[PDB]
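Heads up, the thing below is written out as structure tokens.
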Amino acid sequence: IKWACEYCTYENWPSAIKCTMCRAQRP
Amino acid sequence: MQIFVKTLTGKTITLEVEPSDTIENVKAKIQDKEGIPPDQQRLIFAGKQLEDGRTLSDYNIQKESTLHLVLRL
Ligand SMILES: [Zn+2]
């Protein structure tokens, strides 16, 4: 279910619309 | 928006967060200010525990709301 950030590769929750670590917008 | 996190010691942290932010994300912001890592953080609002996967909007946490931080559960 979790999505990997394109930039920092951190795995975020489905509910999130931005990376928790780098705060990049979700694709 | 702006919210407050009350520690067990008595300290009150102030966080700038948006309602779209996940509880996990809030814990990351608490790590930034207080140096405690998210695995140890437990956030309590309205007498219940808040899941890392859900947003602040899901729990009806609004401007000026106060959450309680607990460590290691
Ligand atoms: Zn990232």
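Ordering of the structure tokens sets the chain letters (A, B, ...); residue numbers start at 1 within each chain; ligands are numbered from 1 in the order shown.
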Check: which chain A residues lie within 8 Å of chain B using only C-alpha atoms, as a list in words: residues 13, 14, 15, 16, 17, 18, 20 and 21 of chain A
8 Å contact set for range 3-9 of chain A, only C-alpha atoms, chain neighbours under 6 positions out, as a ChimeraX atom specification: /A:19,21-22,24,26
Residues near residue 59 in chain B, anyone? I mean within 10 Å using only C-alpha atoms, not counting same-chain ones fewer than 2 positions away, as a short mmCIF file (atom, residue, chain, number, x, y, z; two decimals) with C-alpha atoms, in the first residue's frame.
```
data_model
loop_
_atom_site.label_atom_id
_atom_site.label_comp_id
_atom_site.auth_asym_id
_atom_site.auth_seq_id
_atom_site.Cartn_x
_atom_site.Cartn_y
_atom_site.Cartn_z
CA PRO B 19 -4.71 19.26 7.99
CA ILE B 23 0.13 11.57 12.15
CA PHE B 45 -6.02 13.17 21.29
CA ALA B 46 -9.54 12.95 22.75
CA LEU B 50 -3.88 8.37 16.78
CA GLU B 51 -2.80 6.06 13.95
CA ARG B 54 -4.46 8.70 9.18
CA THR B 55 -4.55 12.48 8.62
CA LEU B 56 -5.32 15.29 11.08
CA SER B 57 -8.47 15.91 9.04
CA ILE B 61 -8.03 18.00 14.79
CA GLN B 62 -8.25 21.73 14.04
#
```
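For chain B, backbone-based DSSP labels the following residues as strand (DSSP E): residues 2, 3, 4, 5, 6, 12, 13, 14, 15, 16, 41, 42, 43, 44, 45, 48, 49, 66, 67, 68, 69, 70 and 71 of chain B.
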Create the file for the chosen residues now, containing C-alpha atoms and written as a compact mmCIF listing (two decimals), in the first residue's frame.
```
# COMPACT_ATOMS: atom_id res chain seq x y z
CA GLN B 2 -0.93 25.70 14.23
CA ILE B 3 -1.23 23.00 16.91
CA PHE B 4 0.26 22.18 20.31
CA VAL B 5 1.87 19.03 21.69
CA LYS B 6 1.99 18.68 25.49
CA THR B 12 4.38 22.46 25.29
CA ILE B 13 5.66 22.20 21.72
CA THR B 14 4.04 24.29 18.98
CA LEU B 15 3.86 22.73 15.50
CA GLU B 16 2.94 24.30 12.18
CA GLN B 41 6.31 8.74 19.96
CA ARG B 42 2.68 8.04 20.89
CA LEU B 43 0.19 10.83 20.22
CA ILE B 44 -3.04 10.99 22.22
CA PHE B 45 -6.02 13.17 21.29
CA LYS B 48 -7.65 7.78 22.09
CA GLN B 49 -4.38 6.99 20.29
CA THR B 66 -3.63 20.12 21.70
CA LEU B 67 -2.19 16.59 21.40
CA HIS B 68 -0.50 14.61 24.20
CA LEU B 69 2.90 13.02 23.53
CA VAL B 70 3.82 9.78 25.30
CA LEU B 71 7.07 7.80 24.86
```
CA of residue 60 in chain B to CA of residue 9 in chain B, distance in Å rounded to a single decimal: 25.9 Å
Between CA of residue 27 in chain A and CA of residue 11 in chain A, distance in Å (one decimal): 13.1 Å
